[PDB]
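Residue numbers (the numbering used here), protein chains in the order written: chain H, 1 to 351; chain B, 352 to 702; chain V, 703 to 1053; chain P, 1054 to 1404. Backbone N, C-alpha and C define an ideal beta-carbon position, used for all residues, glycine too. Input: a single structure, listed below in structure tokens.
Number of protein chains: 4
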Amino acid sequence: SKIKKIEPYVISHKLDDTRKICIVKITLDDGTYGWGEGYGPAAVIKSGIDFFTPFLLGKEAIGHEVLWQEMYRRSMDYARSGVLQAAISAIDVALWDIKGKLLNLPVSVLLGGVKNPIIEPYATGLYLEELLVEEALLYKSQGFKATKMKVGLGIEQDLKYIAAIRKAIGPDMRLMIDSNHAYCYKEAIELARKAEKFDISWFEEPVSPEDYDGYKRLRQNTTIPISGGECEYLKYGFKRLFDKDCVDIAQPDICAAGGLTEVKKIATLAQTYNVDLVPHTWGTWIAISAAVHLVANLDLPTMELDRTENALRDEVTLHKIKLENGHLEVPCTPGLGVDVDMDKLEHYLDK
Amino acid sequence: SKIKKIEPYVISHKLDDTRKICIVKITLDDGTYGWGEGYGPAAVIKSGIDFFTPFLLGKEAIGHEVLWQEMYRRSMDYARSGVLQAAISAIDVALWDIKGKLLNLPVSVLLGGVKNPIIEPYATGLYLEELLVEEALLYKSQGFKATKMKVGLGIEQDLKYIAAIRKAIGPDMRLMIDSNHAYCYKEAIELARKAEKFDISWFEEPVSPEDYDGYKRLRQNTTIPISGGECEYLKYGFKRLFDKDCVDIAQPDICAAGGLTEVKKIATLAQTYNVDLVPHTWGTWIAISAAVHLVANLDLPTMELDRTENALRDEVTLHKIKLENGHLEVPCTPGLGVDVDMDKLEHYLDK
Amino acid sequence: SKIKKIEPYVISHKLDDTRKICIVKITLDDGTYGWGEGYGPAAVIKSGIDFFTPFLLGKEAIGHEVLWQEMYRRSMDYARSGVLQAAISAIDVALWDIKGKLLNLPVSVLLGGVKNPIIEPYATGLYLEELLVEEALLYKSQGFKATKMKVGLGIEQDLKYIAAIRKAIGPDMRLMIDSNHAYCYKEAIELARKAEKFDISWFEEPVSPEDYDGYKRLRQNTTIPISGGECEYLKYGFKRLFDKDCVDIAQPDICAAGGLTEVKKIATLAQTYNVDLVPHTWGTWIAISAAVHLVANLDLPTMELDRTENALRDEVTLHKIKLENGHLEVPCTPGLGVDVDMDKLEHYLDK
Amino acid sequence: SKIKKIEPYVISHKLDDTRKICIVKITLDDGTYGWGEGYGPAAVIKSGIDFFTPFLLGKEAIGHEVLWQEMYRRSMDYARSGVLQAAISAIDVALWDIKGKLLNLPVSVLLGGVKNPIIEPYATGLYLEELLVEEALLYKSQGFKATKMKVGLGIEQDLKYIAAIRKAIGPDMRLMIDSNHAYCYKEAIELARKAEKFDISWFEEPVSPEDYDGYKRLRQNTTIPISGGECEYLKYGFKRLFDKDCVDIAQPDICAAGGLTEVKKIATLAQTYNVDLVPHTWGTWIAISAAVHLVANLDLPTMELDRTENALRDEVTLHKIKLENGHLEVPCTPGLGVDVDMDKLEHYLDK
Ligand SMILES: [Mg+2]
Ligand SMILES: [Mg+2]
Ligand SMILES: [Mg+2]
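If you want it as structure tokens, here you go:
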């Protein structure tokens, strides 16, 4: 019932640069382990976990909030945003896998209840040129009901590509654009106003996460819904964002914002402020699982399903979840419903 | 004058628990070195420096802002506050020691000019009971014009001790109280109203750095000036602190908030908002030096002079600065005016 | 070295009225000189310099901020805006030429670092009628990527001319309109809404610099980005402009707003408020140089390149900077990289 | 009746440094002259008048607002505050002396009507130590009902002197304190709270004219009424001061803010905002006269009566006004009721 060993692992591989992820395993005196993930710079997150590890060993895993508050009280002064929050999120997601196992229930049921047993996720596909059209047509064939494309190659370059992908997918499939704060307010509305004709479901991270007044103005000047919050941490950060009427959709990453415990608190806030929540997910199947269980408990929904090459997701992590013809099905298995192939873990670790 | 090797060093020391601070040495192709420091969890900052090190090598040190913006562009999605900011701060302070050396001028002169050639710092002395009175009497005897005491032992316990220290130091010496966000709004005004009679120069971090409305209310309900910002990072963070009329004095830590480059930008903002700036300093002389040079360029001033038991500061780092009868004299030496005893560095290092 | 002699010179020439500009030369004990410029009424600025000259002689030029603060402390009650600010600006730009020379580095590197080694400036061309089309076609042929035209001849007269210039330059070249506060809110949106179809990059000084609510409303009712701040002085003035969400682009004139020192502080503020900065430039190459070095340090960019008939700029001032096919290249020479032909200086002057 | 010659004169005199003030004489084709004054740096104001002089010659003096608007249209881009406003003020006050003479009526009657035929001004007396007490006792003996003292020598030094002057003058005479923005918010309330016991009628310029939030806060934390606006220029400047609920009393200087025309417009605004107006006066009798006529038309009042050593005020300018036992009597003579001794003018002139 008590924590015996927290074990952070930095997993990597280069494809065509490198993908460096930090992954934890918290195991109890009884052998009951739990899998969690942190989002950001792998090796920095890994040291973060090491920082909290002394104050978590021999303490009870069911009262996960008592541990979250200990980690918070310890890092408050040196955290707020960034790295130590990804360290707290990584431990949290594992304590929710433990609890799920421990109380023999999935995480969604343990968060309050499965509100959506089926989810329809969107396919993410970032960038010659005609290859993007093929990647999109693959997703439509793969049953997907929506797809998220990466923009930031230039206002006139993007509008040329957005036109091409919309022509391929037709009008029935949903399409979203993601800048990655690669544009400024003037550059964002120029793209927004011009891309409106292609029925864009939303615009993800259009300006700097620091440009709150820019987000609000963009929302006022375009019909396309405004997404943001990848870079937003804790209940306090998202309150600050919602008080500014910035986004139509809040996108906290479970692995970054403060884990399942805090993204649930952010979900309460989103609700009160009457703002939609679609979490951000860009890691292994441990990361994806936490989102599966969160959107199930959220009140057909969508979630981020990275279709990009990644053997740290497909090979290192083992999911029980089922996806056929754009629809994903929430698992009933205790905890997140994930494991790590310890041979593929050792093969893909870092030096 | 390109960067050839960035070298982060975690140095440990237990007295009566442990004091673990991270430090950097950036050395150019020409063997010009510069010393820097990060504030927060040593081993986490140390990995942070390692994160930016690949994109800093083979780049010119004089154009320090080009490097700051590269580090920012790289961490803007996974930082905003905490750990990666103290990694950016640490590199910055060392690039200012390099520039100082390189152009054969002190940092203050290189920040714009020595406005205050003499500064009068305050003595910090945290916690049987009668020992606190002796530590204070020592500081008054040592020439100090002001002293900062730590509070959070209970409203009635603090008021008992604040009365004792004021009785010892008399009326001529300034005295400040520091909660360390160990109090809530109701607990803070209870102490503030009760401690008003013992002439308190300021109340440092009275409530949570997240409780902006609490700071503002406390400022409205007490005569004692309100200090805060230890836990505030970047120009964007201090703009939101100032927009909410929270503090009378803003206290950014150079080694945490974004280095000398950003604390200077925070100084421009503080100026525009007509709010005083006294930086936070709690490290080695690499950290103290950066503050010496910053308050010199700021427009008799004070700064944080840690007077606690610290061999890591007093032994590993070598300062040139002179202090006699409460007054500190800004050095004219190129750069920060600091060096590291490489034998005491090897002796005090962490495994 | 210390300041031995500040020398203001009012220079003029009538072409087809007169252009009366004031310039300064600050000369050190060691004969190190620095060239500066003030923007506004020459003879009034010239007396301004004379006002500060007594309190600047025998003082050190490297600690330029110590001098800026002396000039400020002296003229704060009788300044805030206008004439004495252009007096402080003129001295500042020359102390930055001195420092550049003194420390053997260009101004941009000395402001923090060259962020943009290449800039693409815009051609200014103010006003029968068919002559304007030829002036524009000349700029397009001269490789310019953008051109700024003067408007204020009447809503229907301007829309007639804007149509003509856009027809000549085609769709690939950028085009901006400048009212010179010659329009009121009702007259401004009438032009804005009608001129949109001609792809206008921005609208410069659309209403009175005093009509902040007019600027905000115009921004809300038109797609064309709103420029302004020519007439704005100091960090306090620009804070006041940004607090009211007036402009998309802030245009401080280095030679008017408070020199390189203050336009840099305005640049920190613009950054915090997430508003673009394109400085205003309308003088000699002393003025153009200061902007070259400022936009280089700012984070392809543009700047104001006056392409009208002016011999005080082309004959009295000597530049090192290179311009070939719309692109300008930041110089590496110590200081601004400018000199004054003292024979042409004596030739163009005032009794 | 057109303007034939505008003549600015810079008059200098050293006592125990120099007092350099600029004065104007506008004379019509018919030999009707009018005397004016500008407040600030004499030689800078003198060049300002020279700037507008070309666009004022051969134009009618009764339609003074047509001239004010011409000067404004010309200066707005390079003025807003300071020097060019004091040039516009100087011309304005002389056009009001002309109009007064021209229509054979005093200025107060020509501003709308004498509301107060008798006004009780205050004696200004800035700074061994015991000499201040004697200067105050002289004023009480001279009949004065109120006196304004200069503060900024240090919080404990001022409280020592304020106590001394109050002891001498007794309880019946009013007493006001003037910082001259020599204090910051923390330093201002320290002085305000401590000086409350000495019945202070008002606190003039307590913080920087730029620290609007400081003024507002000080007003909230002290019982002593807050004065300010010396450094405020135009109707636009005073609207922004009043919008922020800064002052209890607005103090525009006629010779600086925009002359009698603008201080009257500022008076309309002050009225609408329900804020008192006591103008700032620190020049010759040309300046004092303009205030006599303005407070007469304002709706027993007070005004600034400089009682220091001033040979330019008492020798160069000739007044008709009468003062006996603290009460001043508004003159009925056409215009301001002032002349200049042309021999003492030629004597005190500058090179
Ligand atoms: Mg995204
Ligand atoms: Mg502290
Ligand atoms: Mg313009």
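According to DSSP, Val24 (chain H) sits in a beta bridge with which residue or residues? Stepping through the first sequence from its first residue, residue 24 (chain H) is reached at position 24. Answer is H:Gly36, bridged to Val24 (chain H).
Is the shortest distance between the beta-carbon of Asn976 (chain V) and the beta-carbons of chain H less than 8 angstroms? Within the third sequence, the letter at position 274 stands for residue 976 (chain V). Yes, its Cβ sits closer than 8 angstroms to a Cβ of chain H.
Burial state of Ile21 (chain H) (16 or more Cβ within 10 Å): Start at 1 with the first residue of the first sequence, and residue 21 (chain H) comes out as number 21. Answer is buried; the Cβ neighbour count reaches 16.
For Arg425 (chain B), I'd like the list of residues in its chain whose CB is within less than 7 angstroms of its CB, leaving aside the five on either flank, ordered along the chain. Walking along the second sequence from the start, residue 425 (chain B) turns up at place 74. Only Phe403 and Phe406 meet the Cβ criterion.
Given the structure, does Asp1252 (chain P) come close to ligand 3, in the sense that its CB is under 7 angstroms from one of the ligand's heavy atoms? Residue 1252 (chain P) sits at position 199 when you count from the first residue of the fourth sequence. Because no heavy atom of ligand 3 lies under 7 angstroms away, the Cβ of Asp1252 (chain P) does not count as near it: no.
Near ligand 1, which residues have their beta-carbon less than 6 angstroms from any of its heavy atoms, given in chain order? Result (chain order): H:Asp178, H:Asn180, H:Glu204, H:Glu205 and H:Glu230.
Out of V:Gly765, V:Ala796 and V:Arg1009, point me to the one whose CA is closest to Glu709 (chain V)'s CA. Working through the third sequence from its first residue, we reach residue 709 (chain V) at position 7. It is V:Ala796 whose Cα lies nearest to the Cα of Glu709 (chain V).
Are the beta-carbon atoms of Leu1038 (chain V) and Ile988 (chain V) separated by less than 8 angstroms? Residue mapping note: residue 1038 (chain V) aligns to position 336 of the third sequence, counting from 1. Residue mapping note: residue 988 (chain V) aligns to position 286 of the third sequence, counting from 1. Result yes, Cβ atoms of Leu1038 (chain V) and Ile988 (chain V) sit closer than 8 angstroms.
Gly170 (chain H) versus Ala136 (chain H): straight-line alpha-carbon distance, rounded: Within the first sequence, numbered from 1, the residue matching residue 170 (chain H) stands at position 170. Within the first sequence, numbered from 1, the residue matching residue 136 (chain H) stands at position 136. Cα-Cα distance, rounded: 11 angstroms.
DSSP three-state assignment for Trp633 (chain B), whether helix, strand or coil: To locate residue 633 (chain B), count along the second sequence from 1; it is residue 282. If DSSP states are grouped into helix, strand and coil, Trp633 (chain B) belongs with coil.
Whole-angstrom distance between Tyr1175 (chain P) and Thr1334 (chain P), CA atom to CA atom: For the purposes of this step, residue 1334 (chain P) is identified with residue 281 of the fourth sequence, where counting begins at 1. For the purposes of this step, residue 1175 (chain P) is identified with residue 122 of the fourth sequence, where counting begins at 1. Rounded to the nearest angstrom, the two C-alpha atoms are 11 angstroms apart.
Buried or exposed (CB count within 10 angstroms, at least 16 for buried), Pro954 (chain V): Here residue 954 (chain V) refers to the residue found at position 252 of the third sequence. Classification of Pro954 (chain V): buried, given that the 10 Å Cβ count is 16 or more.
Let's see if you can read the secondary structure: which residues bound the alpha helix (DSSP H) around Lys888 (chain V)? Counting from 1 along the third sequence, the entry for residue 888 (chain V) is found at position 186. Here the alpha helix (DSSP H) through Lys888 (chain V) covers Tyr887 to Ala897.
Test: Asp248 (chain H) CB closer than 8 angstroms to a CB of chain V: Start at 1 with the first residue of the first sequence, and residue 248 (chain H) comes out as number 248. Chain V, which has no Cβ nearer than 8 angstroms to the Cβ of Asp248 (chain H), makes this no.
is_contact[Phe51 (chain H), chain B] using C-beta, thresh 8 angstroms: The residue labelled residue 51 (chain H) in the question sits at position 51 within the first sequence. Answer yes: the Cβ-Cβ gap between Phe51 (chain H) and chain B drops below 8 angstroms somewhere.
Going by beta carbon distance, what residues of the same chain come within less than 6 angstroms of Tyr1326 (chain P), once the five residues before and after it are set aside? Here residue 1326 (chain P) is taken as the residue at index 273 of the fourth sequence, counted from 1. Counting only Cβ-Cβ distances below 6 angstroms, and skipping sequence neighbours, we find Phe1295.
beta-carbon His1380 (chain P) near ligand 3 non-hydrogen atom, thresh 7 angstroms: Taking the first residue of the fourth sequence as 1, we reach residue 1380 (chain P) at position 327. With a cutoff of 7 angstroms, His1380 (chain P) does not count as near ligand 3, since its C-beta is closer than that to no heavy atom of the ligand.
Would you call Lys14 (chain H) buried or exposed, if buried means 16 or more other Cβ atoms sit within 10 Å of its Cβ? The residue labelled residue 14 (chain H) in the question sits at position 14 within the first sequence. When all chains shown are included, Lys14 (chain H) counts as exposed.
Beta-ladder partner(s) of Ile1171 (chain P), from DSSP: What you label residue 1171 (chain P) is simply residue 118 of the fourth sequence in a count that begins at 1. Partner(s): P:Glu1382.
In the structure shown, what three-state DSSP assignment does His766 (chain V) receive? Taking the first residue of the third sequence as position 1, residue 766 (chain V) is located at position 64. The three-state reading of DSSP puts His766 (chain V) in helix, counting H, G and I together.
Starting from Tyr711 (chain V), trace the beta strand (DSSP E) in both directions and tell me its first and last residue. Numbered from 1 along the third sequence, position 9 holds the residue referred to as residue 711 (chain V). Residues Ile705 to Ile713.
Answer yes or no: the CB of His1021 (chain V) versus the heavy atoms of ligand 2, is any distance below 7 angstroms? Mapped onto the third sequence, residue 1021 (chain V) falls at position 319. False, no ligand heavy atom lies under 7 angstroms from that Cβ.
On a Cα-Cα basis, can you pick out the residue from B:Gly579, B:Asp448 and B:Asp509 that is closest to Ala601 (chain B)? Translated into positions along the second sequence, residue 601 (chain B) becomes position 250. It is B:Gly579 whose Cα lies nearest to the Cα of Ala601 (chain B).
Measuring only between beta-carbons, confirm whether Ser810 (chain V) sits less than 8 angstroms from chain P. Residue numbering aside, residue 810 (chain V) sits at position 108 when the third sequence is read from its first letter. Not an interface residue.
Exposed or buried, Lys702 (chain B), counting other C-beta atoms within 10 Å across all chains shown (16 or more means buried)? Counted from its first residue, the second sequence places residue 702 (chain B) at position 351. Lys702 (chain B) counts as exposed, since fewer than 16 other C-beta atoms from the protein chains shown sit within 10 angstroms of its C-beta.
Less than 8 angstroms separating the beta-carbons of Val558 (chain B) and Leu542 (chain B)? Start at 1 with the first residue of the second sequence, and residue 558 (chain B) comes out as number 207. Start at 1 with the first residue of the second sequence, and residue 542 (chain B) comes out as number 191. Using a Cβ distance threshold of 8 angstroms, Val558 (chain B) and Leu542 (chain B) do not count as a contacting pair.
Would the C-beta of residue 785 (chain B) count as close to ligand 2, meaning under 7 angstroms from any of its heavy atoms? There is no way to answer for residue 785 (chain B), as the model of chain B reaches only from 352 to 702.
Are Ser791 (chain V) and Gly939 (chain V) touching if we call contact CB-CB under 8 angstroms? By one-based count along the third sequence, residue 791 (chain V) stands at place 89. By one-based count along the third sequence, residue 939 (chain V) stands at place 237. No, the pair does not count as a contact, with Cβ atoms beyond the cut-off.
For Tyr429 (chain B), is the classification buried or exposed, using 16 other Cβ atoms within 10 angstroms of its Cβ as the cut-off for buried? Position 78 of the second sequence, counting from 1, holds the residue named residue 429 (chain B). Buried, since its Cβ has 16 or more Cβ neighbours within 10 Å.
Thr720 (chain V) - partner residues in DSSP beta bridges: In the third sequence, the residue the question calls residue 720 (chain V) occupies position 18. DSSP lists V:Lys716 as partners of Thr720 (chain V).
Mind listing the chain B neighbours of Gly1267 (chain P)? Cutoff is C-beta to C-beta under 8 angstroms, in chain order. Residue numbering aside, residue 1267 (chain P) sits at position 214 when the fourth sequence is read from its first letter. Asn625, listed in chain order.
Measure from the alpha carbon of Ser640 (chain B) to the alpha carbon of each residue in B:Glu388, B:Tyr384, B:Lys356 and B:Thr378, then state which is nearest. By one-based count along the second sequence, residue 640 (chain B) stands at place 289. When the alpha-carbon of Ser640 (chain B) is set against those of B:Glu388, B:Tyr384, B:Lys356 and B:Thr378, the nearest one is in B:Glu388.
For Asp248 (chain H), three-class secondary structure by DSSP: Taking the first residue of the first sequence as position 1, residue 248 (chain H) is located at position 248. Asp248 (chain H): coil per DSSP, three-state reduction.
Are the C-beta atoms of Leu1137 (chain P) and some chain V residue less than 8 angstroms apart? For the purposes of this step, residue 1137 (chain P) is taken as the residue at position 84 of the fourth sequence. For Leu1137 (chain P), the answer is yes, since a Cβ of chain V falls inside 8 angstroms of its Cβ.
Going by C-alpha to C-alpha distance, which of P:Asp1252, P:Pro1262, P:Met1129 and P:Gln1138 sits closest to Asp913 (chain V)? Working through the third sequence from its first residue, we reach residue 913 (chain V) at position 211. Of P:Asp1252, P:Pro1262, P:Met1129 and P:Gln1138, the residue nearest in Cα terms is P:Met1129.
Using the C-alpha atoms, what's the distance from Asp860 (chain V) back to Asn1027 (chain V)? Residue numbering aside, residue 1027 (chain V) sits at position 325 when the third sequence is read from its first letter. Residue numbering aside, residue 860 (chain V) sits at position 158 when the third sequence is read from its first letter. When rounded, the distance between both Cα atoms is 29 angstroms.
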